[PDB]
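Have a look at the structure below before the remarks.
Letters A, B, C and D mark the chains in the order given here, with residues in each chain numbered from 1 onward.
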């Protein structure tokens, strides 16, 4: 009955969130670049997860993902906007323009295009609205060496969450963000996302940070 | 089987947290200044909550609360360090020294003394450790007018959480903090605290903020 | 012609700020617990600094400091609210109640009482208003081990600055804060404070952090 | 004798910083898209400013700017990495992919490419190192409505500053950031940048925020 779209759903925290949302009774659309790993996530769910190979850096592929979801399930209540690539851990001035662009497109442009499509879908549905949960950094309180593209784009996600919360309110869209760091088992990020998605629309975890050890 | 001490348990979020922890199967000690309101919380729980009238600004009363808890339940796994008073909303220079001292003692000294006693108890028990959850501000992203004592002491709680996490690690003590603000139903703060207390000791929500509307 | 009160002026950053403000042409009142070290700061200034032994944790002593300043110089344009004591670096639960109270009184109550007296004086003078610069932490981005009283009270100063900025605006009082940390020569904190005090009242450095190395 | 490169130097804060650095005795290279406005900045300086029309979103144009600077002046001690465009204030889902890409390229890719070229130049020169000052947001404590591309990319600049400080240390490169907001005369941002550039390399203002009124 509540419907989620989970990006990066073929691996890691995306897979764990999709499995945990389905266990909590959501209908789930699984978005990611490769069908094989999406299929294994759907097998784990063992219900009616929908696999949707998607390039979230591509506006048309993104639109197609939400259309497929609404066609199958009827609406979209939650988006877990989950991306996380890094460039190689090399001196910053050795990064090529393409290595830079790959991290910006994956970590920042993908989440922004999915947030735009979520606004289009959520504002149109009835009852109106929903929630977007953005997956932030895995090094929250301290950047790793040689990480400027990853650190800049995950900080950009904090700005995107803030503007999405402000701009979503008119459409009954809430937005919050989860970050992790180290002083981690993906199950704990998934249970936190399930918790955040459990709240009614007028209460919202805007930011939370979970620390390992 | 897991044991919690909840301060401010006779009202508001303290009562809601105590009721929610007991519903999740915790043994609960209810600490607060007045027995009457503690009794009503224990009636709501309708199990074996322990009422312990306590002045958390007083070291001996604090020690007595933890001793009563360990005597009854055998150990203390979670402390919800919950205080929240304000001075009158008047020009800052009109505040009397006693009105200032009342907010510092209640909002900062109480939580610090309970954290010290929690370290004494948690480091001594077997298995060792536990978690302390500090209740932060209700105006997280923007201070209200005429609120310097409340705003300074709730910001102090953020510093206390950070030092408690660092200093607790050697004793297997984790510490995290919850804050709220407004762009709220106490049930949502209670379910967030239950969530935070649900995690094993090596994963910890160090900070989370829930926003109304 | 612009007049400053500098607390902790007998040593360290307080002395360096007082010397730098006087070098920039301010009249300076030097506040601190011991006359000897205040005298040496006044000798360094070698002009007309006013030594005022003061206990900033005491409301009457604070009032006396501002009265002495207005008597001598005619008004108070800038307050450098500068305190910074720590408790011993020992396990938190070994701190005595008096060791805790000493850090709260020095690092939080002193600055709050000086801010109240500054509001009384600044709102009354003509032209009205002025600026208060609060000296924050020396470990800004990471607390040291065994530092809960210092870390909680310097975080409290951030809350005090925020409320002082909001509440001061009606009186043409601006408030900002300086913090330092380490990835330091007191001359750099002093030149930053001089910079902050140089701005007209409608532009204000609300926060700045200077990092060593 | 100290040499600065100032981007966006044909207008607004970029022009004011270039004029103020030259007034403080720096040699200045003026980078911006249009020669006309660069010329007017150079006329204001009325000394030996070097105009260098540059597209900072283009790696070759960026390299050419630093090469022109080193050819003329001999080294580069300070970079003011200054960009700031917004997309139209319209519903987020109405933004075209090109309007999004324009803000990411200008506000995030330009500063990243200039930081890479600054590392190449600063690490190679003798004495080695220098400082990079990134111009952050003009709405620091609260995003404006309809501003997700601007808010995300200025938050990204905070991440870039943090990684640049960490990664620059081995090359004696310091990095800090200035932000502004409103509870402003460009002269105050320029005097703050001059202040930040005045410090020796082992002390660094990593972040400062100036608030209007």
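In this text, a residue touches a chain if its C-beta (ideal position, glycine included) is under 8 Å from a C-beta of that chain, and two chains touch if they have at least 3 such contacts.
Protein identities per chain, from UniProt: A, B, C, D = Short-chain dehydrogenase/reductase SDR.
Repeated interface, listed pairs B-C, A-D or A-B, reference C-D: A-B, with more than half of the contact pairs matching by residue number. When the C-beta contacts at B-C and at A-B are tallied, the pair with the greater total is B-C. The distance from the centre of chain A to the centre of chain C, each centre being the mean of the chain's C-alpha atoms, comes to 45 Å.
Spacing of chain A relative to chain B, judged by their CA centroids, is 32 angstrom. Shared interface positions of chain D, defined as residues touching 2 or more other chains, are 166. Contact topology of the protein chains: cyclic, one closed ring where each chain has exactly two touching partners. In this structure, the chains touch in the following pairs: A-B, A-D, B-C, C-D.
Against chain A, in their complex, chain D makes its touches with residues 59, 91-93, 95, 97, 100-101, 104, 108-109, 112-113, 115-117, 119-120, 123, 143, 145-149, 151-160, 162-164, 166-167.
If you check the complex, the residues on chain D that touch chain C are 165-166, 169, 183-185, 188, 191-192, 195, 198-199, 202-213.
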